[PDB]
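Take a look at the structure below.
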Amino acid sequence: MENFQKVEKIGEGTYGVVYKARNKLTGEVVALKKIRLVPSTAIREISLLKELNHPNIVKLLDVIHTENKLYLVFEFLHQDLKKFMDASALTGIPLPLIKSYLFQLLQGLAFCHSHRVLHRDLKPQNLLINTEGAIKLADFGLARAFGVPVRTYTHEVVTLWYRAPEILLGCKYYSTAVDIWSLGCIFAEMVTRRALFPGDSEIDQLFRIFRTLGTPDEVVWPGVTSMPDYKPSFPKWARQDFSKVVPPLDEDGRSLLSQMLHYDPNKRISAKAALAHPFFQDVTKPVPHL
Ligand SMILES: Brc1cccc(-c2cc(NCc3ccncc3)n3nccc3n2)c1
């Protein structure tokens with residue numbers, strides 16, 4: 001905390017304020033995250049993340065716990081995907097770059113998932129990009145450490161847009177499939193230049209999902225009608241063709257996206273199988289203009 005000079009507020013994250021900072025001694029530029037409460041379970045979970053190192057995962061440099069306050073020190077990246085998508089609304093991200101980013105994000109997932117660590121709150125705001133054509137996932141593993149609240153510490157609404165349907169339907173246990181759902185929602189958003197499912201409450205989110213993909217049933221999703229927040233009185237909507245949902249996307253893309261958005265989490269494609277999908281046959285790594 002005093003080992004760091006604040007350079008600038010980046011924003012108010014899920015768990016606290018996020019700062020760009022400089023290591024006062026070493027001069028290293030880092031992202032400093034304050035985690036508002038701390039519990040031994042959290043400290044032990046966090047420490048395990050220091051080993052979860054991968055080029056597509058923002059590096060956890062240190063955990064500082066002093067005076068019952070908690071700070072996480074990460075590798076700093078200059079830009080996130082949400083700002084990048086906004087900045088390129090006029091023209092859209094070129095497909096070769098969307099493809100490269102999707103490819104790298106799936107690599108990040110495949111790595112963490114193989115160590116059985118989930119993100120659970122993937123969203124454009126925590127996908128970070130550099131001037132080298134790289135993209136990295138920020139805040140991996142934190143949801144398991146600190147929970148995911150409804151409001152941030154500054155009362156901002158945590159988005160539901162990328163939340164998997166099994167969460168919304170009140171599953172007690174999350175699998176890695178929840179991240180593949182979020183990431184498919186982001187893939188669709190990069191392609192169309194519009195969020196796929198911009199829900200503004202849990203039921204609005206669910207009902208937006210049903211409107212596009214069909215109200216799930218026992219045929220598409222064995223066991224769905226027995227989940228805690230499922231109701232027989234949900235309206236029954238018919239599925240739309242993906243040709244209509246993500247129009248410009250080619251047949252490989254639409255086929256991969258559909259597998260990433262399968263209702264049944266057990267059927268939803270894994271990150272590892274997604275990397276082998278023919279969509280990625282001609283993948284390259286362009287530099288974004290930035
Ligand atoms: Br607020 C908020 C919510 C979720 C993630 C981040 C965030 C942003 C960046 N940098 C992107 C950025 C930097 C400066 N200004 C805007 C965005 N970094 N870099 C390392 C971790 C990290 N976490 C910030």
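Ligands are numbered from 1 in the order shown, residues from 1 within each chain, and chains are lettered A, B, ... in the order they appear in the structure tokens.
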- Task: Could you give me, as an NGL selection string, every polymer residue with an atom at most 6 Å away from an atom of ligand 1, counting only C-alpha atoms and all ligand atoms?
- Result: :A and (10-13 or 18 or 31 or 74-80 or 125-126 or 128 or 138)
- Query: Contacts of stretch 247-261 of chain A at 7 Å or less, counting only C-alpha atoms, minus same-chain residues fewer than 6 places along, as an MDAnalysis selection string?
  - Reply: chainID A and resid 180:181 184 191 268:269 278:279
Between stretch 237-284 of chain A and stretch 114-122 of chain A, at 12 Å or less, what are the per-residue closest atom pairs and their distances in Å? Count only C-alpha atoms, order by chain and rising residue number, and return it as a tab-separated table.
```
residue	atom	partner	partner_atom	distance
A:270	CA	A:114	CA	10.4
A:271	CA	A:114	CA	9.6
A:272	CA	A:114	CA	9.1
```
Convert the current residue selection to file output with C-alpha atoms, as a PDB file, in the first residue's frame.
```pdb
ATOM      1  CA  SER A 270     -15.145 -27.684 -23.335  1.00  0.00           C
ATOM      2  CA  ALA A 271     -12.378 -25.097 -23.936  1.00  0.00           C
ATOM      3  CA  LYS A 272     -10.006 -27.851 -25.083  1.00  0.00           C
TER       4      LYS A 272
END
```
- Task: Check the DSSP output for the backbone and give back, as a PyMOL selection string, the residues of stretch 14-212 of chain A in strand (DSSP E or B).
- Result: chain A and resi 17-23+29-35+57+60-66+69-75+79-80+127-129+135-137+151+157
Can you tell me which residues surround residue A:196 at a distance of at most 7 Å, considering only C-alpha atoms, apart from same-chain residues fewer than 4 positions away, and format the answer as a CSV table (one decimal) with N, CA and C atoms, in the first residue's frame?
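Result file follows (around_13.csv):
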```csv
chain,number,residue,atom,x,y,z
A,185,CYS,N,-21.1,-15.8,-25.1
A,185,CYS,CA,-21.9,-14.5,-25.2
A,185,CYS,C,-21.0,-13.3,-25.6
A,188,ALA,N,-20.3,-13.6,-29.6
A,188,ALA,CA,-21.5,-13.1,-30.3
A,188,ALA,C,-21.5,-11.6,-30.3
A,189,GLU,N,-21.1,-11.0,-29.1
A,189,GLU,CA,-21.0,-9.5,-29.0
A,189,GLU,C,-19.9,-8.9,-29.8
```
- Message: as a PyMOL selection string, please: every residue in stretch 70-268 of chain A that a backbone DSSP assignment puts in alpha helix (DSSP H).
- Response: chain A and resi 81-87+95-114+142-146+165-168+177-192+202-213+242-245+251-260
- What lies within 7 Å of residue A:73 using only C-alpha atoms, ignoring chain neighbours under 2 positions off, as a ChimeraX atom specification? /A:30-33,60-63,71
- Message: Can you pull out the residues contacting residue A:69? Cut-off 8 Å, using only C-alpha atoms, and skip same-chain residues under 5 positions away; I want them as a PyMOL selection string.
- Response: chain A and resi 34-38
Please, could you write that set of residues out with N, CA, C and O atoms as a short mmCIF file (atom, residue, chain, number, x, y, z; two decimals), in the first residue's frame?
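Final file, again.cif:
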```
data_model
loop_
_atom_site.label_atom_id
_atom_site.label_comp_id
_atom_site.auth_asym_id
_atom_site.auth_seq_id
_atom_site.Cartn_x
_atom_site.Cartn_y
_atom_site.Cartn_z
N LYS A 34 -7.73 -3.47 -4.26
CA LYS A 34 -8.18 -3.59 -2.89
C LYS A 34 -9.39 -4.52 -2.79
O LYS A 34 -10.36 -4.39 -3.56
N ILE A 35 -9.34 -5.45 -1.85
CA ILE A 35 -10.43 -6.41 -1.69
C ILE A 35 -11.10 -6.09 -0.37
O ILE A 35 -10.51 -6.31 0.69
N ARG A 36 -12.33 -5.58 -0.42
CA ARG A 36 -13.06 -5.25 0.81
C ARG A 36 -13.59 -6.49 1.51
O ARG A 36 -14.13 -7.40 0.88
N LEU A 37 -13.41 -6.50 2.82
CA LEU A 37 -14.01 -7.53 3.67
C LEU A 37 -15.28 -7.00 4.34
O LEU A 37 -15.46 -5.78 4.49
N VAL A 38 -8.76 -10.55 7.09
CA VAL A 38 -9.74 -11.29 6.29
C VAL A 38 -9.57 -12.80 6.43
O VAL A 38 -8.55 -13.29 6.91
#
```
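Compared by their closest atoms to residue A:113, and using only C-alpha atoms, the residues A:52, A:87, A:203, A:64 rank with A:52 nearest.
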- Message: Ranking A:239, A:267, A:144, A:151 by minimum distance to residue A:222 and counting only C-alpha atoms, which one comes first?
- Response: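 Checking each of A:239, A:267, A:144, A:151 against residue A:222, counting only C-alpha atoms, the winner is A:267.
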- Task: Using only C-alpha atoms, find the one residue out of A:154, A:100, A:68, A:26 that sits nearest to residue A:275.
- Result: A:100
- Nearest-residue call for residue A:236, choices A:123, A:287, A:220, A:215, using only C-alpha atoms: A:215
- Residues near stretch 206-213 of chain A, cut-off 8 Å, only C-alpha atoms, skip fewer than 3 positions along chain, as a list in words: residues 165, 168, 197, 198, 199, 202, 203, 216, 236, 237, 238, 239, 240 and 245 of chain A
- Query: Which is closer to residue A:190 than all the others in A:110, A:276, A:43, A:246, using only C-alpha atoms?
  - Reply: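 Ranked by minimum distance to residue A:190, first place goes to A:246.
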- Task: Name the closest residue to residue A:217 among the candidates A:263, A:187, A:242, A:162; distances are taken between atoms, counting only C-alpha atoms.
- Result: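 The closest residue to residue A:217 is A:263.
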